[PDB]
Amino acid sequence: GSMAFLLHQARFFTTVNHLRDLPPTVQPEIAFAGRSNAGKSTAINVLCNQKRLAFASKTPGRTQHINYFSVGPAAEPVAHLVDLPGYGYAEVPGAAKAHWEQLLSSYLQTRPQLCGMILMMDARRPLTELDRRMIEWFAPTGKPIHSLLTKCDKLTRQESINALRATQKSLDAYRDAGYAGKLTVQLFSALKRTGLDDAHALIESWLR
Ligand SMILES: [Cl-]
Ligand SMILES: [Cl-]
Ligand SMILES: [Cl-]
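What follows is the structure, encoded as structure tokens:
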């Protein structure tokens, strides 16, 4: 059936933390990217209508990981969801900074199966410097980025509109510079389940 149904069949597949160890999967995958692991995990559970899929209550340790999730039946998946690690708001100095820079840029630019990126940004504070870097890393691919302005229930109606238009304007600058891939945006609220049908429809458009 629907993209909703397929999403709801989701299950955890594997974790991954080096470029060479990405699963050799046939199917297309979507990447979820963002400063917040909290918001990512919460977005994945709501899109799949599950309580306990995306590691929502797991306490960050010393290391980070990509996580893969079958879409459709786990025995016979029709896609994967790739939760890329939250870069937060400042970058952690140390040998793992380089590692993750190389990994993510090479993944974004050359992972054959990757058909697009969902970029999760707090509506109150869109488009940080690290958000911008994920955009620029994806540039050469000509692949799309859909931006979710998250926690949109915390803004007034006017403020949310203002945020849509501000992000739109920032995204156009990229197109005007020559950015090949399609840049879109919507409001999104995990808590109030806002923007969910639009989020499903976009995903369906990419995967099928
Ligand atoms: Cl978020
Ligand atoms: Cl690490
Ligand atoms: Cl949200």
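Numbering follows the authors' numbering, with no gaps: position 74 of the sequence shown is 72. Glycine residues also receive a C-beta, built at the ideal position from the N, C-alpha and C atoms.
**Message:** Within 8 Å, do at least three Cβ pairs link the region 69 to 77 to the region 173 to 190?
**Reply:** no
**Item:** Distance between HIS97 and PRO138 (C-alpha atoms, nearest Å)
**Value:** Position 140 of the sequence shown, counting from 1, holds the residue named residue 138. Position 99 of the sequence shown, counting from 1, holds the residue named residue 97. When rounded, the distance between both Cα atoms is 21 Å.
**Request:** Decide if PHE3 is buried, meaning its Cβ has at least 16 other Cβ atoms within 10 Å, or exposed.
**Result:** Mapped onto the sequence shown, residue 3 falls at position 5. Exposed, by the Cβ-count rule.
**Asked** What three-state label does DSSP hand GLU74 in the structure shown?
**Response** Indexing the sequence shown from 1 puts residue 74 at position 76. The answer is coil: DSSP assigns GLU74 none of H, G, I, E or B.
**Prompt:** Taking C-beta to C-beta, are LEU185 and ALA121 nearer than 8 Å?
**Reply:** The residue given as residue 185 occupies position 187 in the sequence shown. The residue given as residue 121 occupies position 123 in the sequence shown. Cβ atoms of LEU185 and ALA121: closer than 8 Å.
**Asked** Closer than 6 Å from C-beta to any heavy atom of ligand 1: which residues, in chain order?
**Response** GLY32, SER34, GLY37, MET118, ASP120, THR148
**Residues that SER145 bridges to, as DSSP identifies them** = In the sequence shown, residue 145 corresponds to position 147, counting from 1. Paired residues: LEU117, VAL183.
**Request:** Hey, could you find the ends of the beta strand (DSSP E) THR13 is sitting in?
**Result:** The residue you call residue 13 lines up with position 15 of the sequence shown. Per DSSP, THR13 belongs to the beta strand (DSSP E) from 9 to 14.
**Item:** Enclosing beta strand (DSSP E) for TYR66 [first to last residue]
**Value:** Walking along the sequence shown from the start, residue 66 turns up at place 68. Counting along the chain, the beta strand (DSSP E) containing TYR66 begins and ends at 64 to 69.
**Request:** Measure the alpha-carbon distance for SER34 versus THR154 and round it to whole angstroms.
**Result:** Locating residue 34 in the sequence shown gives position 36, where the first residue counts as 1. Locating residue 154 in the sequence shown gives position 156, where the first residue counts as 1. Roughly 22 Å separates the two Cα atoms.
**Item:** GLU157 versus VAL24 - alpha carbon distance
**Value:** Here the question's residue 157 lines up with position 159 in the sequence shown. Here the question's residue 24 lines up with position 26 in the sequence shown. Near 42 Å, if we compare the C-alpha coordinates of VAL24 and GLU157.
**Message:** Which residue wins for smallest C-alpha separation from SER55, given the options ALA36, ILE116, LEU112, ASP196?
**Reply:** For the purposes of this step, residue 55 is identified with residue 57 of the sequence shown, where counting begins at 1. When each option's Cα is compared against that of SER55, the closest is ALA36.
**Prompt:** Quick one: what's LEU79 bridged to in DSSP?
**Reply:** Taking the first residue of the sequence shown as position 1, residue 79 is located at position 81. Bridge partners of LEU79: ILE28, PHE67.
**Message:** Between the region 56 to 70 and the region 141 to 155, can you find at least three pairs of beta-carbon atoms closer than 8 Å?
**Reply:** no
**Item:** CA-to-CA distance, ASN65 to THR165, given in whole angstroms
**Value:** In the sequence shown, counting from the first residue as 1, residue 165 sits at position 167. In the sequence shown, counting from the first residue as 1, residue 65 sits at position 67. Their backbone Cα atoms lie some 28 Å apart in a straight line.
**Message:** Whole angstroms are fine: how far does the CA of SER39 sit from the CA of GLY(-1)?
**Reply:** Residue numbering aside, residue -1 sits at position 1 when the sequence shown is read from its first letter. Residue numbering aside, residue 39 sits at position 41 when the sequence shown is read from its first letter. Rounded to whole angstroms, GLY(-1) to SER39 spans 24 Å at the Cα level.
**Request:** Give the range of the alpha helix (DSSP H) segment to which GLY37 is assigned.
**Result:** Position 39 of the sequence shown, counting from 1, holds the residue named residue 37. It spans 35 to 45 - the alpha helix (DSSP H) in which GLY37 sits, taken as one unbroken run.
**Asked** Per DSSP, which one or two residues make a beta bridge with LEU112?
**Response** Residue mapping note: residue 112 aligns to position 114 of the sequence shown, counting from 1. DSSP lists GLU27 as partners of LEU112.
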